[PDB]
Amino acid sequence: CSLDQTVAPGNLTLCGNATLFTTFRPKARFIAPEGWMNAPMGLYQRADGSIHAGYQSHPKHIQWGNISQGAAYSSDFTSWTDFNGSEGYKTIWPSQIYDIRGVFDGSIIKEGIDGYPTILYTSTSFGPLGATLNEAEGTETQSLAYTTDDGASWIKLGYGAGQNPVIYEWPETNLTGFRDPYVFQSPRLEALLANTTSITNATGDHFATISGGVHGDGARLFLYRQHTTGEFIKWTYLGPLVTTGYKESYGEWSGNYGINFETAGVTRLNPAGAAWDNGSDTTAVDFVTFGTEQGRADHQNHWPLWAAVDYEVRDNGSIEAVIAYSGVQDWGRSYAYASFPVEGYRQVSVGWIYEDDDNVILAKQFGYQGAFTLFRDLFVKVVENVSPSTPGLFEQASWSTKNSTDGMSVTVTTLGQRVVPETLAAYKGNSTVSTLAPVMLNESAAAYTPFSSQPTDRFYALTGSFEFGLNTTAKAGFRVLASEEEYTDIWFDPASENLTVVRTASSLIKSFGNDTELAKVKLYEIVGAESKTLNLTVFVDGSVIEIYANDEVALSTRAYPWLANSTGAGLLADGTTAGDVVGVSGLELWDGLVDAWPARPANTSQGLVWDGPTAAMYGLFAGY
C-alpha cells in the first residue's frame, strides 16, 4: 500500500484499516470521530442556547449495526465538542429486550419526564425488520428516556406495563415500517382539533408522527397526540396524516413517494422562518419533510422529500394533510433529514450524506462512513413579480402561484433552504477570502477557466451569480477538486432546467460512484427582466460537494480524487458565443473554512473490529 498522491493510485484495497482516514475526510462539518454514522437524531437547543446533535452511530465498524446515539454539542452549529462518558461518545445504546436490536431515530420533548429533556425513540427488538420483509408487531416500538445532565447521559423508563415501550400497538395491519417518532408542539393542530377532543379524549400539547406504510398500498405518516398535558406514557393514535400511493410520483420536480416513509417531520413556516401561529398568519405554510424508500433506481433507493400541506379535520377527530405541492429537500447522496426549533423563530434542518462506495470496497481503509450536511434554516421562499411567461410556471409542481389582480404578474411560494448564518460567518471569517472580478463568458471562453485565486486544499466554498439570456442554450457552472487528470463539473443548463454534477473524471480510483447527479431548478423570471439568474454556492469539504441554488435547491454528493493537486476550481462554459453570453458576477472564494472539531486530533480512528461468527448466526448486523 502506497499513499503517494503524486502518482496514480495503486491497489488501495491492500491498504490497512483506517490508512486512508484523513485522505478524503471532511474537516468543516459535523461527522462522528470514527466508524459508521447515519441519521441525525435527538436534535434540540439546550437551555444554555447550545445545540445538542445526536446521530445513529456504530463505532469501530464501517457498516450499520448495534445502532446507538452518538452525540456532540455546539454554540454556533459550526464548531463542535464530543460528549465523553463511559461509552465514549455514545449516550444511548441497545441495552434492554425492547431496544437490543438498535436504538433507532428519535426526537426531543424539551419539557418532558420530571421537566427534563426527553427523547422518544424507536426501540427495536428481534424479527424481520424492513419495508420489503414480513415485519411483525413488537419488532419496532417507541420508548422514552430523559437526561438530567443536558445530554451527557440518558435514563430509560423501566421495561413493562405502563412504562417502556410506550407505543407498541400497530395502528393498522401489515405495516412496512413503524419508526422515527417526531414529537412537536403545534398551536395550529391544537386549534384544528379543539372542537373534536370529546371524540378522542386526547388533549395534550405534544403531537407525534410515526413513519411507515402498508404493504402493497404505499407510505403512511401516522399522527398521535399526547393524551394528557404533562404526562408522557399515553399517546393516542388519531389517524393517518399523510397517505400516498405505492410508488406514486407527483412528477419530475417531486421525486417518488416509494413504499414506506422514514424520518418524517412536521413543521410550519413563514417567510422569516418558523411560524407558531394557530392558523391566523396568512403568510404561514404547513410542511411535512420525509424520506421515501424503494421509489428510486439509485441513491440507495432513497428520496428526501418535502410537501406543503393543507390540513383537514376528519369526523373522528384526526387530521388529513392534503398535499398542495411537493418537492425535494436534496437531490444527491443525502437522506434522513431532521428539523428542530431554534430560538428567534427558526426551524433548522440537517441530514446525512452517505459515501459513494456502495460495494464497500474502501470503507475499511477509510475507517469511517458518513457525515452530516450543513445545518439549514427553513423558511417560506416568496418570489414577487414573477413573469407569467416563465416556462412551466403554472404546472405549480413544487411551488404555488398566486396571480396579481390584473394577471400581469405572479407571486411564487415554495420551501426555502439556506445554510445557517452562523456557519457562513464562521467559514468566511476563518478563510482566506478572494473576491473575484466578474467574468463574461462568450466566444472567447475556454471550456474551463481557473479562478484568479486558487484553493490550497480540499476545504473551500465558492459562490457566483450566473446571468443567462431568456432563450439561452448555453451551459455554465463550476469545476471543483480539479487537476488536469481529475475534476468534478457542476453545470447548469437553463434550456433543460437541469443542474448536473458530472463525475466521470472525479477520481482515478475506479471503485467510487461516478454517476451524474441531477437536480431541477426553476429560474423564476422577473417582470421586465431581459435575463434570468442562477445564484450557485458550492461547499467542498474533503469528499463532500454540497451545492445550493437560489436558497432553494440543494444537492449533496461525493468526489474522491487521488492526486494531492486535485484541489483547483473555476468556471465552466459550454456553447457560450458572442450572441449567447453568460455574465458571471458576485464571484468569491473562501479558502480553508473552519476546523469543526478543534479538540480532535487529525486521526481519531480507534481501529476496526469484527463481531465474529455470531454476527451471521444472529443475522441482525453485518458484523464489521
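Don't overthink the numbering: it's just position in the shown sequence, from 1.
When the two stretches 469 to 477 and 77 to 85 are set side by side, the higher mean Cα temperature factor goes to 469 to 477.
Remark: stretch with higher mean C-alpha B factor among 544 to 552 and 273 to 281 is 273 to 281. Between the residues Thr576, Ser50, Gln56, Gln63, the entry's highest C-alpha temperature factor is the one at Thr576. Per the PDB record, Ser198 has a higher Cα B-factor than any other of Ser198, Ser143, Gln365, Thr292. Looking at the C-alpha B-factors along this chain, the one for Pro494 belongs to the highest third.
Annotation for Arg458: C-alpha temperature factor in the middle third relative to the rest of the modelled chain, per the entry. Placement of the Cα temperature factor of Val382 within the chain: highest third of the modelled residues, per the deposited record. Sort the chain's modelled residues by C-alpha temperature factor and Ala39 lands in the lowest third, per the entry. The PDB entry assigns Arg314 a C-alpha temperature factor belonging to the highest third of its chain's modelled residues.
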